[PDB]
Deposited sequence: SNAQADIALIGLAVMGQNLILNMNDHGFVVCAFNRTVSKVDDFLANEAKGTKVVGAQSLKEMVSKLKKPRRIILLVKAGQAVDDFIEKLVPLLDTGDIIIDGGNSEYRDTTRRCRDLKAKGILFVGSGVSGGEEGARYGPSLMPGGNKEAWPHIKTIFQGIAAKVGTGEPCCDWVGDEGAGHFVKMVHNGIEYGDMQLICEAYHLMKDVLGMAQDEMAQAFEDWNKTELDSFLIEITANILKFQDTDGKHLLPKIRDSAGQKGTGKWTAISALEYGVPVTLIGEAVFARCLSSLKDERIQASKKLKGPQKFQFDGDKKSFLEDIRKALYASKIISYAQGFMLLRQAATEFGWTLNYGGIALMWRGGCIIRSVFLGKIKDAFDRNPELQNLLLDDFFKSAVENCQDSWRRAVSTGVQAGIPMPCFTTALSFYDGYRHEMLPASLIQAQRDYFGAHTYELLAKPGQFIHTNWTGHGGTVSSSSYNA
């Protein structure tokens, strides 16, 4: 038993994680269902390393130090269950299987429970950062049976991306499918951040009439602020990028972002669990709307809009920046509400501050802002909503006049801002003690005798004869 850990499946992600572990001094046993790929890997990408191969699952298991640790990176679904089924009879009580694939969190929960009953410790782990991240360090979001955590922590935190203060972006997420649930929400959050940047861009371009390189510089300047993030960095670079003919490339690109994307699952989850995650929902629907390109070409010939901007440009640009920041705060508050609800539904204990940290590092959504979210949970690990933390409360308060001006102006100009507007609507709803929803209750009681509750007596259902 000379190998520290094994990894099954030899596509690029798995190869790169293996090499990452190797570079950190761990002896890894590589395996693949088509075993010829093991030899190929050893002869090429793993040439000259400490990586060892196996020609069968039984041999692979035999090479592992106990408790045995086996990572699966294979196609999500049946392939994962089929490897689990083949592995169980070969393992010993206390051995550990980690699924690092793109798995659905309900499958992870099922596997965690079923394997626990068999004496096998199961971890589902989100992995973010793609092929390059896997190679030099991923964000890792492990959850599962926590009995496994002390055994995988050294390897997983060792290979993980680090932030600039040294903390690894990997920590135990929570029970059962929590790690994969967190990866799912991260995917939705990403849609929100990208759509928000698009709305800011649209306002710069069509309200302020800014040049491409001027908008690049605005985003660059913004990146020195509270907004400092990878997505803003690459946006600036994209905006200034010139094609071979000297013309900017971005204006040549088809604006259709797809109807089928994975971000939908976060919005669906929100609806299933009854959580108002409105911004990610609008971001998903905005991609869908963009995919309607031919329909929009036709509509643009038929349907009319409203306008000339007379104000101070620098001031309004700052208003857009603050609208973007405030809207982002609302989006993350919503995403964390979804995490909280899942915890309630399943009885999970979630590491909220750790999740914020894990979303830095290899993740596309990495930002200084995420460090502030970690700070909020570190100040108060019992924090119920991000909006109630003093930093975020102060931020929104300081941004809100700008936010309303940006939205009001965009509305007058006819610029679509589905995410800016949903975020503001949500903020205004959440902060109101009284909402008109009582009228919905009255309507349902009127037409269907559904009843209603009095403010003074919650939990007691009353029918009134309205007619």
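Mapping the modelled residues onto the deposited sequence reveals missing stretches at 1-2, 309-310, 472-484.
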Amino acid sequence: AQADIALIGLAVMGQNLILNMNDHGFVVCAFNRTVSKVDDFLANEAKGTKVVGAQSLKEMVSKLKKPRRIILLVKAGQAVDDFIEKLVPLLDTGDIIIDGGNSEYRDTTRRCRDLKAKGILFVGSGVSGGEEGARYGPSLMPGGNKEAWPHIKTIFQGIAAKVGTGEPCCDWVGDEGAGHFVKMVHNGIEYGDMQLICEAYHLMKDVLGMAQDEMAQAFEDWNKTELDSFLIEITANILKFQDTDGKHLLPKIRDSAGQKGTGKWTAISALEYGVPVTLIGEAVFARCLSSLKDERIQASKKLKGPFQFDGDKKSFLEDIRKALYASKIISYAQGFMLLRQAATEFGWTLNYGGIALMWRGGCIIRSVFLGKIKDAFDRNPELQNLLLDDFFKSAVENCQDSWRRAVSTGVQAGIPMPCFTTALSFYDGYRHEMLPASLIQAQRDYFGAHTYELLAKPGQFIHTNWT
From here on, numbers count along this sequence of modelled residues.
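The PDB entry reports B-factors from which the mean C-alpha value can be compared for 37-45 and 410-418; the larger average falls on 37-45. The stretch 156-164 shows the higher mean C-alpha B-factor when 156-164 is compared against 277-285 in the entry. Within the listed group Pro89, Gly354, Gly192, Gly100, the record reports its top CA B-factor for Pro89. Reading the B-factor column for the CA atoms of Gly263, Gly335, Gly129, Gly179 in the entry, the top value corresponds to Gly129. When the modelled residues of the chain are ordered by C-alpha B-factor, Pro67 sits in the highest third. Split the chain's modelled residues into thirds by C-alpha temperature factor. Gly188 is in the lowest one. Among the modelled residues of its chain, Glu59 has a C-alpha B-factor that falls in the highest third according to the deposited record.
In the deposited entry, the Cα temperature factor of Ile8 places it in the lowest third of its chain's modelled residues. Ranked by Cα temperature factor within the chain, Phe307 sits in the highest third according to the deposited record.
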